[PDB]
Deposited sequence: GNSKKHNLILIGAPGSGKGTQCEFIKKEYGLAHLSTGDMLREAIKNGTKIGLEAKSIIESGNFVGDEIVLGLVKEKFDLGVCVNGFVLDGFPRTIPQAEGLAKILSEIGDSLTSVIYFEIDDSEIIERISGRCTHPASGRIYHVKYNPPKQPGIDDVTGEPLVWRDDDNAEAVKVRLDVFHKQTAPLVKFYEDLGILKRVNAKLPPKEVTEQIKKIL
């Protein structure tokens, strides 16, 4: 971020609007956005291939060690020195501990963890309208956050596309493993005294204003 550096984690249900908020956070605060789901889809599309692909499209978690490898690689290259926002990582307690080691080894620390509160029925409506620009990871919603022109990305004009993990059985998996494995991280970070909550059910601009109040 330079003068606007923060070291931020967003935790929230699959589908809660973290990558949408990361667009303003990257741009306003100059932070590196690390979505390990987008990082995995980029490791896939460049041919961590078919087995990771199936695991993601089933809605299950990829191995802790695989994702900790990809995050550590960003930190080791210097991508995060100007601040970062982690989105979808950590999502298990071994990943949180692995991250604490990575930060301990550089002497940096977390600024804030922001927990997006939203219920599972609204997440199903958020995912059902989603489409994505695959090269950039930008996301739109056909009802609540549409592209400016039909069917295409606002920046490149390239087509928007479906995500294969947005099928009904994987949405159920994603929500189930989130409540079992990821939700415990809210106490993990409240115990460190750095967790704040936002009402992710509100319209996207109102969620952005709540986030700005915390940053």
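Of the deposited sequence, just the range 48 to 49 has no C-alpha coordinates according to the record.
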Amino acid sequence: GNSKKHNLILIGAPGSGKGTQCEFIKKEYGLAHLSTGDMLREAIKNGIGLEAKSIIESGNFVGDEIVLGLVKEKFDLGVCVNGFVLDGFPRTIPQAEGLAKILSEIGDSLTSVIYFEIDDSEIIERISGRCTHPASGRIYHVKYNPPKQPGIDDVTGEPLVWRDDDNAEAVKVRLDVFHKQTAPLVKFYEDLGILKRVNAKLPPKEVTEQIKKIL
From here on, numbers count along this sequence of modelled residues.
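Note on 26 to 34 vs 49 to 57: mean CA B-factor is higher in 49 to 57. Between 179 to 187 and 159 to 167, the higher mean Cα B-factor belongs to 179 to 187. The PDB entry assigns its highest CA temperature factor, among 121, 95, 136, 128, to 136.
Highest CA B-factor among the listed residues (81, 103, 113, 86): 103.
Residue 109: CA B factor in the highest third of modelled residues in this chain (values from the PDB entry). Among the modelled residues of its chain, residue 192 has a C-alpha B-factor that falls in the highest third according to the deposited record. In this PDB entry, the Cα temperature factor of residue 68 sits in the middle third of its chain's modelled residues.
Ranked against the other modelled residues of its chain, the C-alpha B-factor of residue 152 as given in the entry falls in the highest third. The deposited CA B-factor of residue 8 belongs to the lowest third of values across its chain.
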